[PDB]
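To start, the structure under review is shown below, and the notes come after it.
Just so you know, all these numbers are worked out from the coordinates, no wet-lab data involved. Because the Cβ atoms are built from the backbone with ideal geometry, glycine has one as well, and the counts that use them run over all protein chains shown.
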2 protein chains.
Amino acid sequence: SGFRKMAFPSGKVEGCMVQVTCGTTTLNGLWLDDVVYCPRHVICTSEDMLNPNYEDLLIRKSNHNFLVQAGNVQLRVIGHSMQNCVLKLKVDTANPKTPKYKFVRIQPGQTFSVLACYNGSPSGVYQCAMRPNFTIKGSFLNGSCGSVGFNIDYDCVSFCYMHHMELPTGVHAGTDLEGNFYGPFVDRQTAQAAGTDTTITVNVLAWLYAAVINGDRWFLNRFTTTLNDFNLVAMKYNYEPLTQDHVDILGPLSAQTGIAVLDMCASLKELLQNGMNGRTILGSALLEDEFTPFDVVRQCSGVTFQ
Amino acid sequence: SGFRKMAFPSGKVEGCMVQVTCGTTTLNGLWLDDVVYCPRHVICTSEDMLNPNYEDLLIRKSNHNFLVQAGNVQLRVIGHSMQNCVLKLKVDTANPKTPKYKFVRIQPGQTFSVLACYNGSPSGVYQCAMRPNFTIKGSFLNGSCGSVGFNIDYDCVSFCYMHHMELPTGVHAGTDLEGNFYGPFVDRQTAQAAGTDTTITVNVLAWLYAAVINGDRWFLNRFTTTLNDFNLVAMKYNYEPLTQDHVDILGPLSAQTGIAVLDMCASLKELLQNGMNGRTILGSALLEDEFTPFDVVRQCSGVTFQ
Ligand SMILES: *[C@H](O)[C@H](C[C@@H]1CCNC1=O)NC(=O)[C@H](CC1CCCCC1)NC(=O)[C@@H](NC(=O)OC(C)C)[C@@H](C)OC(C)(C)C
Ligand SMILES: *[C@H](O)[C@H](C[C@@H]1CCNC1=O)NC(=O)[C@H](CC1CCCCC1)NC(=O)[C@@H](NC(=O)OC(C)C)[C@@H](C)OC(C)(C)C
């Protein structure tokens with residue numbers, strides 16, 4: 001038993017990370033087959049950053065301007081191309097450690113593991129969610145650009161995130177692996193702000209089920225509630241609406257515990273109305289929203305990868 | 001910026017995990033060079049578990065009783081030997097993925113990353129601490145025995161923990177990689193209990209410094225306190241004594257923030273006396289004790305491995 005913020009094992013991604021250096025800028029690249037993916041602002045500098053124009057900037061670069069290093073072995077760039085906000089550097093060597101992989105653009109509320117990297121060397125691994133405002137509450141220092149977010153599904157790495165920037169509020173923004181930003185952010189140095197965030201209600205519900213699977217029952221009640229009446233209370237506390245699709249997704253968790261989803265909603269309602277009154281749930285004194293229903297099933301039941 | 005429970009990248013350990021099967025029992029082994037390490041109760045069964053006697057049990061086994069599988073390639077056991085509570089199975093093949101490594105027995109309060117495994121396949125990675133009562137608050141299901149805990153120091157994997165058992169309270173107990181249990185636990189099925197736990201005070205202090213490094217300052221005060229007077233308040237709230245050695249270890253964190261350690265102690269004192277009053281620190285509504293002073297420096301400054 002027990003419940004932990006669990007990231008996926010990171011070995012299949014460690015084997016893909018490289019350092020990319022152009023001009024005065026060093027960041028992280030993702031080496032898959034014979035292509036290295038990285039954020040396109042690597043072709044910027046300190047005065048290119050104001051209001052860039054990357055097409056003009058990229059036509060001025062030669063292949064030998066990109067220094068790409070995999071270990072103490074640095075690769076030869078034989079071509080480049082821009083796709084939205086990512087560079088794709090063609091190198092003369094295929095990565096022999098290329099896992100089976102996909103590129104996926106995830107929905108808000110979905111979770112993924114982040115392998116934080118500096119100078120092409122992995123630093124640490126942790127679990128994050130795409131917030132409803134399309135930021136992520138990461139842990140990123142200078143030079144972490146190019147670190148990726150990913151899920152693992154049997155032996156396939158689904159890459160879902162590349163890191164670009166930190167916002168004044170301390171949260172983080174980036175792109176899918178095809179260069180499209182999550183959210184309304186753009187890769188300029190102009191005032192941008194996150195936009196109001198909300199709590200991922202389906203995830204809270206999923207974590208209460210995790211609590212019940214692990215032996216916490218103190219917050220349950222006899223009451224129930226309708227979906228409209230739950231949503232009327234969730235709105236007041238800045239929670240997202242729960243859709244019938246969310247209810248369905250929470251089916252297995254309901255069926256395994258014997259607590260109807262609408263009954264767990266009545267529990268959350270009273271939890272939001274009265275606070276936790278100095279108790280904890282799964283070691284937390286706040287209602288936790290960065291576990292998906294899939295996360296709970298995986299950890300409380302024990303799915304692996306090979 | 002930002003602050004996260006960060007585990008070490010797990011690739012160098014994923015490459016060592018194997019499945020070990022003997023009789024009706026399947027658990028996880030650690031393959032380093034030509035030896036596979038695993039918990040010795042793999043030679044038990046459902047009636048061997050009552051009050052075992054592993055010397056007698058082990059002299060009755062032949063090498064071909066141990067089925068050891070690394071991928072869809074299973075190894076040949078050519079010898080075995082017991083060392084405290086771990087089996088060391090000699091195999092005819094050296095693991096080509098053996099990292100540079102050490103075996104270290106850690107102190108309470110120290111943290112490490114756990115690679116949870118089933119049937120030799122890594123499942124997920126997370127960060128834990130050795131509690132003052134020598135248990136760990138892990139996340140472990142049946143078949144997770146043999147999963148290891150580790151730190152990484154440049155390119156050297158310091159293995160510090162092998163998983164053996166869960167206790168009635170839901171916490172977890174195991175050994176160092178030489179088979180010595182942490183704590184007073186033994187590998188029998190007899191009533192054992194954890195013993196009262198305490199909060200790791202130096203770690204709390206270290207995490208408040210993490211908070212200040214990241215922009216939280218609301219909990220600081222002008223007051224200060226002596227070490228005796230801090231320890232008199234910590235005792236009342238079930239915190240461990242803070243030694244001068246702890247103060248020294250918190251030197252760099254003090255020097256980087258301009259907050260004397262004894263001043264941060266006065267902050268914690270008021271935090272313990274008045275609660276947090278509905279505020280959070282680094283996203284937590286409880287004082288967090290599973291970050292060491294080294295953990296904070298690593299994450300807030302950005303040390304890697306290669
Ligand atoms: C790349 O490694 C780096 C990662 C950040 C540094 C600190 N934490 C990070 O996550 N990204 C940047 O430094 C980035 C540079 C590019 C320049 C051209 C395209 C935009 C990003 N700059 C930032 O993240 C800055 N944020 C920013 O300008 O956001 C505006 C307001 C929308 C950071 C470094 O500045 C602070 C002051 C921290 C907000
Ligand atoms: C090995 O994979 C497994 C891991 C635990 C199963 C569930 N969670 C775990 O971490 N370890 C065991 O199942 C272990 C078997 C051996 C048998 C001989 C030596 C002792 C351990 N048994 C337990 O962990 C049980 N705990 C236990 O007997 O502790 C006593 C009270 C000291 C667990 C499975 O039983 C419960 C009811 C969960 C406490």
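Mind checking the range A:1-56 for GluC sites (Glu not before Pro) that DSSP puts in a loop (not H, G, I, E or B) and that have at most 11 other Cβ atoms within 10 Å?
Numbers: sites: A:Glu14, A:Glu47, A:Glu55; in loops: A:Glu47.
When the GluC sites (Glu not before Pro) of the range A:1-56 are filtered for loop state and at most 11 Cβ neighbours within 10 Å, A:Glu47 remain.
Any chance you could run the full-extension gain for A:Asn274 through A:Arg222? It's 0.36 nm times the residue separation minus the Cα-Cα distance, nm to one decimal. Provide the component values of the computation, followed by the final result.
Numbers: separation 52, 0.36 × 52 = 18.72 nm, distance 1.60 nm.
Going from the current span to full extension adds 17.1 nm.
Divide, for chain B, the radius of gyration over alpha carbons by 2.2 N^0.38 Å, where N is the residue count.
On the way: Rg = 21.6 Å, N = 306, 2.2 N^0.38 = 19.4 Å.
Cα Rg divided by the expected 2.2 N^0.38 Å: 1.12.
How many angstrom separate the Cα center of the range A:86-144 from the Cα center of the range B:246-278?
About 34 Å separates the Cα centre of the range A:86-144 from the one of the range B:246-278.
Can you list, shortest first and in nm, the gaps between the label point of B:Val186 and those of its counterparts in the other copies, using a point 7 Å from Cα in the C-beta direction?
7.2
Report, as an integer, the average count of C-beta atoms from other chains found within 10 Å of each Cβ along B:284-295. Walk me through the numbers before you get to the answer.
Numbers: counts 3, 5, 5, 0, 0, 0, 0, 0, 0, 0, 0, 1.
Mean partner-chain Cβ count within 10 Å for B:284-295: 1.
How high is the FRET efficiency from A:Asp153 to B:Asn72, r the C-beta distance, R0 25 Å, rounded to 0.05?
Values: r = 19 Å, r/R0 = 0.78.
Calculated value: 0.80.
So if we plug the beta-carbon distance of A:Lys100 and B:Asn65 into 1/(1 + (r/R0)^6) with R0 = 30 Å, what FRET efficiency do we get, rounded to 0.05?
Values: r = 35 Å, r/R0 = 1.18.
With a Förster radius of 30 Å, E is 0.25.
What trypsin sites (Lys or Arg not before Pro) in the range B:26-75 are in a loop by DSSP, with at most 12 other Cβ atoms within 10 Å of the Cβ?
Values: sites: B:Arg40, B:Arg60, B:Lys61; in loops: B:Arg60, B:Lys61.
Within the range B:26-75, the qualifying trypsin sites (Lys or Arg not before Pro) (loop, at most 12 other Cβ atoms within 10 Å) are B:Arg60.
Only sites in a loop by DSSP and with at most 16 other Cβ atoms within 10 Å count here; which trypsin sites (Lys or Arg not before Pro) in the range A:202-238 make the cut? Before the final figure, lay out the partial values.
Working: sites: A:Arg217, A:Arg222, A:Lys236; in loops: A:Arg217, A:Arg222.
When the trypsin sites (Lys or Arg not before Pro) of the range A:202-238 are filtered for loop state and at most 16 Cβ neighbours within 10 Å, A:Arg217, A:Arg222 remain.
Find every distance from the label point of B:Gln69 to the corresponding label point in the other copies (7 Å from Cα along Cα→Cβ) and write them in nm, one decimal, shortest first.
4.2
Could you work out the mean count of beta carbons from other protein chains within 10 Å of each residue's beta carbon in B:136-147?
3
When a/c reaches 1.5 or more, the comparison of a/b and b/c decides; with that in mind, is the range B:36-126 rounded, prolate or oblate per its Cα gyration tensor?
Details: a/c = 1.69, a/b = 1.20, b/c = 1.40.
The shape class here is oblate.
Determine the percent antiparallel among the DSSP beta bridges restricted to chain B, to the nearest 5.
Numbers: 50 of 55 bridges.
Here the antiparallel bridges make up roughly 90 percent for chain B.
State which entries of A:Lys5/A:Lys97; A:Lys102/B:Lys88; A:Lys90/B:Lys5; A:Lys12/B:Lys88 exceed 30 angstrom in Cα-Cα distance in the structure shown. Kindly include the intermediate steps, with their values, before the conclusion.
Values: A:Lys5/A:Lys97 27 Å; A:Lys102/B:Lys88 39 Å; A:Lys90/B:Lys5 35 Å; A:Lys12/B:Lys88 28 Å.
Beyond 30 Å: A:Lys102/B:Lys88; A:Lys90/B:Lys5.
Can you give the convex hull volume per residue for the Cα atoms of the range B:198-301, as a whole number of Å³?
Values: hull volume 9.5 nm³, N = 104.
Convex hull of Cα atoms, per residue: 92 Å³.
Please sort A:80-91, B:106-117 by packing, taking for each peptide the average over its residues of neighbouring beta carbons within 10 angstrom, highest first. Intermediate values should be presented prior to the final figure.
Numbers: A:80-91: 18.8, B:106-117: 21.6.
My ranking of the peptides, most packed first, is B:106-117, A:80-91.
Run through the other copies and list how far each one's label point is from that of A:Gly215, in nm with one decimal, shortest first; the point sits 7 Å from Cα along Cα-Cβ.
Ordered by distance, the counterparts are at 3.9 nm.
Could you tell me the distance between the Cα centroids of the range B:35-72 and the range A:1-69, to the nearest Å?
48
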